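Just below is one structure, and these are the notes that go with it.
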Amino acid sequence: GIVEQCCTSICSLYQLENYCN
Amino acid sequence: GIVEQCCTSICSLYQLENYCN
Amino acid sequence: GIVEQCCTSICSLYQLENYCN
Amino acid sequence: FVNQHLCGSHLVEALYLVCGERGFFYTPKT
Amino acid sequence: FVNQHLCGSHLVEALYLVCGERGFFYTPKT
Amino acid sequence: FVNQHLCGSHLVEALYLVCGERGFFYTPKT
Ligand SMILES: [Zn+2]
């Protein structure tokens, strides 16, 4: 998931935003 | 010691508590 | 540069100070 | 904005900034 | 509570939270 | 003072402390 993607690869702030409430 | 254990392995909050004053 | 040196090797606070304004 | 390499607590710092008062869910793989 | 992987400054952040006003000693191997 | 191993955001935390109100430039290699 996002936690793993951001650490093993890279991620954008827009991808992170999918986890906002 | 604890500094090395937490970084090379894992450690618990209870193990960390041994370092409180 | 300094960013790379500090991460791949080590750096001193005096080396960092060269980046103060 | 730029892409990010974020591990551990750095991921939650980033979520905090991106989401602000909206809040967020931190959901690692189990 | 869960187990932790803590390196560098993250270790001292954890000690700060665990110990609070009790304070703590940070004592790396030399 | 001691030497430092600083990656990612830890570098900017260090610059913040070293420079204080002087401010600083964070300039990674491109
Ligand atoms: Zn870190």
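Protein chains in written order, with PDB author numbering: chain A, 1 to 21; chain A', 1 to 21; chain A'', 1 to 21; chain B, 1 to 30; chain B', 1 to 30; chain B'', 1 to 30. A prime marks a further copy of an entry chain. By construction, the Cβ of each residue, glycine as well, lies at the ideal position given by its N, Cα and C atoms.
Would the beta-carbon of residue i be found less than 7 Å away from any heavy atom of ligand 1?
i: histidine 10(B''); result: yes
DSSP on residue i, reduced to helix/strand/coil?
i: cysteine 19(B''); result: helix
i: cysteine 11(A''); result: strand
i: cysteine 7(B''); result: coil
Find out if the Cβ-Cβ distance for the pair residue i, residue j is shorter than 8 Å.
i: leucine 13(A'); j: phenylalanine 1(B'); result: yes
i: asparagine 21(A''); j: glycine 8(B''); result: no
i: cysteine 7(A''); j: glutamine 4(B''); result: no
Sorted by chain position, which residues of the same chain lie with C-beta nearer than 8 Å to residue i's C-beta, five sequence neighbours on each side aside?
i: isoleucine 2(A'); result: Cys11, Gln15, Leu16, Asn18 and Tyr19
i: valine 18(B''); result: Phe24
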